[PDB]
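These notes are about the structure you will find just below.
In what follows, chains are A, B, ... by sequence order, proteins preceding strands, each numbered from 1. Both ligands and their constituent atoms are indexed starting at 1 by order of listing. Below, all heavy atoms of this structure are taken into account, side chains as well, without hydrogens, waters or symmetry copies.
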2 protein chains.
Amino acid sequence: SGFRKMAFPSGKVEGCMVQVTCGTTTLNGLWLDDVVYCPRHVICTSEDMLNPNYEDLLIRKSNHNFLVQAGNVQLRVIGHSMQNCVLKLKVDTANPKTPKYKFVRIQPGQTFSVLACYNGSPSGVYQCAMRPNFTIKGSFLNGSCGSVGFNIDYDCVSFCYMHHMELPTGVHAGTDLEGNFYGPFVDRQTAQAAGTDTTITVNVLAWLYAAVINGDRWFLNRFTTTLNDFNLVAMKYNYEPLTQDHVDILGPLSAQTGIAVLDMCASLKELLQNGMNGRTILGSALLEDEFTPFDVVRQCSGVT
Amino acid sequence: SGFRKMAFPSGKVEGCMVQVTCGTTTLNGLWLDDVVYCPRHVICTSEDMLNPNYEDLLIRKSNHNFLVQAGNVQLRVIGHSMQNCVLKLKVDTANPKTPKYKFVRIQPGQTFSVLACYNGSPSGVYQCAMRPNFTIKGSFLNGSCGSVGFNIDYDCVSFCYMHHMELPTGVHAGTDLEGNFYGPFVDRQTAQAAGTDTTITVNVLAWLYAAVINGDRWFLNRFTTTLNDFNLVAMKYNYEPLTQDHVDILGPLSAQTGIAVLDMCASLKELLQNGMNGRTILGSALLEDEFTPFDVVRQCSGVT
Ligand SMILES: O=C(Cc1cccc(Cl)c1)Nc1cn[nH]c1
Ligand SMILES: O=C(Cc1cccc(Cl)c1)Nc1cn[nH]c1
């Protein structure tokens, strides 16, 4: 009973957090095996984030300029390289707490947990999603750079995000663990506006299924729709277009509740057209889109 | 930038989760030093949760009937005792992963993180609050019993909650780590209705301060109120009465923003009287009450 915005247990990732200092800039690194991953802007001063030439700035840095501290003990840096917008710091010691891991690049609409860190130390964990405009709506102050986003499948941590930047609009931009930014963002102190933040339609439907499973059924109606009819309404409300792939992924939720995906689309169509009318669904007064269909099944079944 | 429902990093608590089996019932235990804490209903069959006499049921149980497994290794039970609604299982081995810890009994309005577990294994972490009716709005399926609620101050885990029961209304009831239930709930399969779920006024005000700090200011008005005037409105909307202790605790948030607590009370009074009018505050279309003033400061300052 109950449905919550739930993050993955963060222990496996906590054992990987380290502090990286270069010059006067300090941020977080991720220590997996004998490599520490961190944003390449650790080599910049605030006075040079305006137009950095990372390759030129890196020439003035040696292994001994990267101060890596895991807890209260210093790691010896024996190599360094830049891969896209991340630095890979080869250290002389393999992290004994390295979990089974993968580096994955996620698609918009996919959710992940963030272990927010400052000075290599974890402050909190929250669940968020890669927005359709490739931003994330996080909670990150200065110094949170290098904090990572991840998913867990039994004992394997799939790292998908590394935090780099806050846009002037208070939304967040970062890279996958290969250093490639999600979206068109660059690691520069220049105005970069985000595109339309559309709603993740398949996730809203998954969350409506979760609501039915937990007793919130007031929004269920006597109607049905088609993918093309639904999508006309989705376009009008800045919702992502629903495809047959999305319908397929909602299959298990549809099978569990006995509510056809297109009937749930009609319920969502009425919610968009009429609003909530002062009512709530799973404690929310707006349509939640940061639960994937997989998250709903996982939480509703008790996967560990 | 950004404000999220954030849980504490769960690693310290993950290292304490074990599985406890008695007969055919399996739930979670908390292993701290050489003692495993778990709900006493682990000794019950579903056929006897209707009217259990725990003292009589416990007479038929010996140390060897409590199967305690930490990961894939079995702990030897050398003693057992019942303290209120929890069982304390003395094991022959101190948990090497025991963090610095305390057992605290929280007041309504206070928030904590829950590490939801099944079969001694963590599934997720979420932030919730002790409701004014002494229930919690969690996410707990059968077998989640023994999952714990906690807070962390640097390296010390203060355990405040152990999950025991779901009420027929889908809300949750549990105990502190001394086995005393929060509220009037008993560990029996009998209908127990919760009281009025009032809104935690001081937490809503703290969250309104967090919204101002992060840029959401549309709700700020030209008005002020008094504690007695505000409380008349709070009574009408099932909000907890605001006291001078609550005003005092909001002092640092008032000092940071330059917004007098009573002026913020007037903003909240208008929000209650007029609603949101289709608008949102920190991504929410309702007034959030599960952030304490301490949570807002901690998150807004980056405490680790
Ligand atoms: O955004 C930054 C620094 C920065 C400026 C410009 C570009 C880059 Cl890569 C990084 N600080 C931040 C605090 N919280 N989240 C991010
Ligand atoms: O509530 C229970 C079992 C129970 C019944 C009656 C009393 C007691 Cl103590 C415990 N199952 C549950 C699943 N999720 N959360 C709780």
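For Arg188(B), no nitrogen or oxygen atom sits less than 3.5 Å from a nitrogen or oxygen atom of ligand 2, counting backbone and side chain alike. The shortest N or O to N or O distance between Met49(B) and ligand 2 is not under 3.5 Å. For ligand 2, the polar-atom distance check finds an N/O of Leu141(B) within less than 3.5 Å of one of the ligand's N/O atoms. Polar contact with ligand 2: absent for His172(B) (N/O pair, distance under 3.5 Å).
Of the protein's non-hydrogen atoms, the one nearest atom 9 (Cl) of ligand 1 is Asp187(A) CB, 3.1 Å. If you check which protein heavy atom lies closest to atom 11 (N) of ligand 1, you get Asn142(A) OD1, 3.4 Å. If you check which protein heavy atom lies closest to atom 10 (C) of ligand 1, you get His164(A) O, 3.2 Å. Considering only non-hydrogen protein atoms, atom 1 (O) of ligand 1 sits nearest to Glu166(A) N, 2.9 Å.
Those atoms of ligand 1 with a heavy atom of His163(A) less than 4.0 angstrom away are 14 (N), 15 (N), 16 (C). The atoms of ligand 1 that sit less than 4.0 Å from any heavy atom of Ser144(A) are 14 (N), 15 (N). Below 4.0 Å from some heavy atom of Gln189(A) lie the following atoms of ligand 1, by number and element: 6 (C).
Between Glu55(A) and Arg40(A) there is no salt bridge, since no side-chain nitrogen of the basic residue lies less than 4.0 Å from a carboxylate oxygen of the acidic one. The residues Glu178(A) and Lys88(A) are annotated as not salt-bridged, no charged nitrogen and carboxylate oxygen being separated by less than 4.0 angstrom. Under 4.0 Å is where a charged nitrogen must lie from a carboxylate oxygen, and between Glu166(A) and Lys137(A) no such pair does. Salt bridge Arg188(A)/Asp48(A): absent, no basic N to carboxylate O contact under 4.0 Å.
The cationic group of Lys5(A) lies under 6.0 Å from the six-membered ring centre of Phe291(A) and within 45° of the ring axis, placing it in a cation-pi geometry.
Atom CG of residue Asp176(B) and atom CZ of residue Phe181(B) lie 10.5 Å apart, to the nearest 0.5 angstrom. How far SG of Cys38(A) is from CG of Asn28(A): 9.5 Å, rounded to the nearest 0.5 Å.
Among the candidates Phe159(A), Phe294(A), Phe150(A), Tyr161(A), the single residue satisfying the ring pair (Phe, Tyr, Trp, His ring centres under 6.0 Å) test with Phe112(A) is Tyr161(A).
Heavy atoms of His41(B) found under 4.0 angstrom from ligand 2 belong exclusively to the side chain.
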